[PDB]
Each structure stands twice: as structure tokens, then as C-alpha cells.
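An overview of the molecular structure
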Amino acid sequence: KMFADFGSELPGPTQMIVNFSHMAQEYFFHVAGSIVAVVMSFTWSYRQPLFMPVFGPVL
Amino acid sequence: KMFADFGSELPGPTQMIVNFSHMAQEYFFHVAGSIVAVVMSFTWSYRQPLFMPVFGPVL
Amino acid sequence: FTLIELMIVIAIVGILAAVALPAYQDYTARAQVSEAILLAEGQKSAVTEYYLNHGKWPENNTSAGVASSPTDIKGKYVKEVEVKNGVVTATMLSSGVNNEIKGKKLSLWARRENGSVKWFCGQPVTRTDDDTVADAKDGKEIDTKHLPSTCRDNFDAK
Amino acid sequence: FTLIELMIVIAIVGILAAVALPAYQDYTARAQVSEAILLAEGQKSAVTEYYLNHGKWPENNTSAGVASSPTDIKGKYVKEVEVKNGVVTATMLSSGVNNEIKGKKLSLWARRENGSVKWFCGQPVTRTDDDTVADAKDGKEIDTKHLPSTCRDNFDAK
Amino acid sequence: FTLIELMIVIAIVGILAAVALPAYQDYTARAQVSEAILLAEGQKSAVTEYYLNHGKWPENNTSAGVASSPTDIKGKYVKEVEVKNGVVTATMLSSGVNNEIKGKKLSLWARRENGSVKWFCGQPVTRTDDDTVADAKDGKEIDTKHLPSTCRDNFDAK
């Protein structure tokens, strides 16, 4: 959100004069890449606190 | 710097028509809050990589 | 996340135009009728004189001594003005007017005061006898709402 | 981490002003022209009378019996108003106006109705003969978009 | 550990209101002054007629033929409107207005054009002679920033 707030006309943005709803929906890409980033670091924090025989859980 | 570059007439700014020296001196607040931010992250990076016998570093 | 000030203010000016639409649309029509009235008048002179000099109402424009052709007394919103037995009727054009007033008209008629006459202004009327007219009831009268307070006269006004 | 409500709403009011910019800029110009028209009119009286009394159009302001000096009939957006052979032209100032209408002008001219005259309003015109004018084609005419619906008359309007 | 999206977005709307505060506060005042101006006008008629008919400026409201009582020409933000020798001054109420414009006022005055008059609008003025007024310098004038572009006239505007 910090690199994407360094002004206007970045990679993938819009100009600020669009209507807000369209601007927010196009960025949906980046809102999504942030949520996925969150889900991942949550997964690592939640978890974390053919040779058929090779596939069995051993001791 | 990039939120404070979203246009003019934010919280604490000036209008652009002032004389430059006065504009820059009023913002001195924000130039200062940025340097302090720097000093802090530098401190965290530098640090972070009578019974006389009781005071000695042990094992 | 943010941009609603631009979206609402573009949509308040849009609805502001919709609220300002009927106000400008009757103010407008009421303005186009106020002229049919001005075009109708000023022809009172001819008609008055004709009556006082002869004691008979002018049968038509030519008699009254005005543009022998009704269509020659037209305007922007006025398609014409015809004198029919002292009664002067003004017709609203079809182009350049409101929407519920085009092709619609009003009338100005007078009454013998004896030595002089008095004029009336209102919805279309027909002359019966030298001192009596009646509603030209037919459906093309300019609606009361579009007529000035000074032109609300009834067929039997005295 | 947080603050986007202040950033977007300051940037929607910024773009709202950019969208409200051209609307206020033609509403504005269209307003400054509506006056050039009012300054042009009210001088119809002098011109009409001069014509009906003499049968010749007033050559200039003094003839029409108005501020002998064109520049004496100016306004806020009007740099002047000149009567040239019955044709009354209004010039838009250079300061205090739109941007594509300054130094630009319109004309009001009339036509013999025979016993009376009828007035027209539109883009600059020159008088040829006592009953004919023509486009003062030259490039300084106020653009059609800035002219009222009541001032869209062509050089040959009758 | 987590919750900063709610904390920052409540604090960006808080600072958004602080940035939107001075904009709505001069837009607001500038709006309350635009009315003092409308209340001042429409009284030009009385004053103009009085002057043209008599050649002397109306001494007070009663002379001009308007609510003999200044306080009778008040409004929401207007505490009154007084005519003092053709000069019409509008006072801003004390309740319901900005903060740096209450109890403050402006003036409308005219000048003999000879056969007609021209009106001016600006900061309070006093009339000296029939064709000269001067700054009612005293400290209660509505600040230039709150006055329309159409009401920036100086005591010696011609």
C-alpha cells in the first residue's frame, strides 16, 4: 500500500479522476494480492504453531 | 513524502504560492518526523545486529 | 475505500437538474404564452377603433385593418393571430414551445361600454352577438396554469 | 496499513472540481454572453424609432441618439456596443470573460415590416441595403454554443 | 498483532473532516454573503426609480419606498439592509453565519450615467455628494475573500 501510494500513474493503477467505484474495482487485483499475502502468513503462523512405501508417514 | 504529495491543502501544509523558504520551514515538522523515523530504524538495525560479583557477566 | 465525493456531487447536480426541470419547463411555457398575449394585444387598437367608428365588430383582420393574413401576425411561439368578429385569438406555434401548449391558443374580446369598450383576456372564445361571446370549447385552449393572473377571464366576464 | 479514506476523498473532490470545471466554464461564458445581449437590446428603441420616423436606419450611435461613443456602451464583459446602419453589435471585453469568447461579438438587426419592424439576434452581421444584411464573416463571432436559443438567427432570417 | 485497518481508517476520516473543515467553512461563508448581496439588490429598483424621477438619491428606506424599517429587510444571515442616500448596505446577522463575517457588511451604490445609472457592489461605502461615495472604513467590512468576483468594486469605480 506504501509503494502504491507513491503518487499516481504507477503500474496497473488508475488516474484519480475516475469514479471511485471503478477505481477501487480495477485495483481489486492489488487488494487481492494483499489478502493472499495475509492468508499465507496466517497459514504459516497457524500451521506451524512411484515408490508407494516412501509415501507412508514413518515414525 | 508521498501522502504529503497527494495535492495541496492537506493537514499542516502550506499553499504553494508562499515563498519557498517559509513553506519549507513550516513543514520542518514533517522533515523532522521523517528523520526521527530514520534514526529509529537505524537504531533497531545497529543495536540489534553492593555485591560486585553479582554484576559481572557470567556464562 | 475512498472516492464518493466526486460520485455523489455529480449525482446531486444530476438530480438538481431533474428538480429544476419542471420549474424551468412551466416558467418557460408561461413565458411563451405571455407573448401570445402581447401579439394578441396592440391589435386591440384596430379593433376598438373599428367598433367605435362603425358600431360593428371587425369581421376579420382586413376589416380591422391589420395584416390581411392571420399568419402574418405570427411570432416565435405564435403561429398567428386572427381577428374573428372583434375577437382576437392567438395560436401557439408547434416549434420552439413547451409541449403542452403548442398549437394551443387564447382570445381577447371586448364589450360595448357604450361610448367605449372594455377588453378581456382568457381562453379561446367565439362571438355570438355584438355583446356576447362563448367558450370556443374544443380542446386546444391554453391550460389555465399557463395563463397570467391578468388573463383568467371567463366568457361571461363583465 | 490504514489511511486511505482521507487520501481518496481529497482526490475525489479534486477530480470533482475537474468535472465541474467545464460545466461552470460554459455556464459561465453563456452567462457573460447573455449580457452582451442585454446591452445590445434597449438600444433597439432608439434604432426602431429612428427608422420609423425617417425610413432610414441610423448610421451610427449618435444618429440613433445614444452614447455617441461605442465605448460608452460597455459593461463588465462588454467592451462596447456600436450601431452601424441600424445593426447593433456588442463586443466582449478581454478581461473578466471566459476564454474563447473575449473580443468576440454578436449583432441585433431589424427588418422593415412596413409600419413596424421585427428584430433578430445572432452572430455578427453587416448591413447591405435597407432591408438586407450579411454575415460579418471574419472570425470574431461568438460561437453558437455560447448563444441563447433566442439568439440563433441567421443573416437571412425573416 | 493485528487490528490497524479499523484504527487508521477511523483516523483518516477524522483528518479528512479536518481538511474538509476550512473548505466547507469558506464555501459556507461565501454562500452566506452571496445572499446579503441578493437582499441588497432588488432594492436597486426603488433606489434607481427614486433617483431618475427626482434627481436626488433616496435618503433612507422610507424615501426609497421600502420597509421603512432597516430590520424589516433582514434574512437568515442578514440582520438588515439600510438605504442611506442611495447607498444600500447589507448587514450580516450574528447567528447562523461563518465566524469572521457576522455583524459584517457590504454596500451597493450607483452613479449617475445621465439618463440612467450604473450600479456597483463591494465593501461598505458612504455617500459624499450625489456622484461620490467613499470607504466606510471602520473595520466591519466583509473580507475580500468572502466577496464574489462580481462584488469587488472600489469606492471610485466608474
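Here the structure is shown first, and the text comes after it.
The following refers to the structure shown.

The helix and strand tally for chain C stands at three helices and six strands. Along chain C, from the amino end to the carboxyl end, the secondary structure elements read α-α-α-β-β-β-β-β-β. Here the C-alpha radius of gyration of chain C, 20 Å, is well above what a compact globule of 158 residues would show, namely 15 Å. If you take every contact in chain C between residues at least 6 apart in sequence, the share linking residues at least 24 apart comes to 22%.

Residues and elements named next belong to chain E. Overall, antiparallel pairing links the four strands, which are arranged 1-2-3-4 in an open sheet. On the outer flanks of this sheet lie strand 1 (78-84) and strand 4 (117-122), each paired with one strand and no other. With direction set aside, neighbouring strand axes in the sheet form an average angle of 15 degrees. Bridge count between strand 1 and strand 2 (residues 87-92): six bridges; the pairing is antiparallel. By the bridge assignment, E80 is partnered in strand 2 with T91.

Residues and elements named next belong to chain C. Taken together, the four strands give an open sheet; going across it, the order is 1-2-3-4, and neighbouring strands pair in antiparallel fashion. The sheet is open, and its two edges are formed by strand 1 (78-84) and strand 4 (117-122), each paired on a single side. Between one strand axis and the next, the sheet turns through 15 degrees on average, direction left out of account.

In this section: helix 1 (residues 5-40) of chain C. All names here are of chain C. Along its 36 residues, helix 1 runs 52 Å from first to last C-alpha, staying within 8% of the 52 Å computed at 1.5 Å per residue. Largest kink in helix 1: about 30 degrees, centred on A20, with the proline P22 one to four residues after it. Backbone geometry just downstream of helix 1 places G42 in the positive-phi region, at approximately 70 degrees.

Here we take up the pairing of strand 6 (residues 132-135) of chain C. Residue and element names in this part refer to chain C. Note: strand 5 (residues 125-129) against strand 6, four bridges, orientation antiparallel. The residue bridging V125 from the neighbouring strand is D135, located in strand 6. The antiparallel hairpin formed by strand 5 and strand 6 contains two residues in its connecting segment.

Counting from both sides, the interface comprises five residues of chain C and, opposite them, five residues of chain D. Considered class by class, the residues forming the side of chain C that touches chain D number three nonpolar, one polar and one charged.

Turning our eyes to something else, we now look at the arrangement of the chains. Chain C makes no contact with chain B, the minimum C-alpha separation between the two being 14 Å. Contact between chain B and chain E is absent, and the minimum C-alpha spacing across the pair is 6 Å.

The subject of this paragraph is the relation of the copies chain C and chain D. You can overlay chain C on chain D at an RMSD of 0.0 Å; the transform is a turn of 101 degrees with a shift of 11 Å along its axis. Mapped onto chain D, only 20% of the interface residues of chain C again fall at the interface, so the copies present different surfaces.

Take unusual backbone geometry next. Of note, the phi angle at B:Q48 is positive, near 50 degrees, even though the residue is not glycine. Positioned with a positive phi, E:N114 is a non-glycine residue whose angle comes to about 85 degrees. Along the chain, the position of E:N114 falls in the loop between strand 3 (105-112) and strand 4.

Calculation rules
Residues numbered from 1 in each chain as written, not as in the entry; some residues may be left out. Chains lettered and ligands numbered in written order. Part of a larger assembly, values for the part shown. Heavy atoms only, no water. Residues with missing side-chain atoms left out of burial classes, pairs and counts. Helix = DSSP H or I, 4+ residues; strand = E, 2+ residues; numbered from the N terminus. Rg over C-alpha atoms; globule rule 2.2 N^0.38 Å. Contact = heavy atoms within 4.5 Å. Pairing = 2+ DSSP bridges. Axes fitted to C-alpha atoms, helices over the stretch in contact; angles between N-to-C directions. Expected span 1.5 Å × (residues − 1). Bend = angle between axes of the 7 residues up to and from the residue. Nonpolar A, V, L, I, M, F, W, Y, C, P; charged D, E, K, R; others polar. Least-squares fit on C-alpha atoms.

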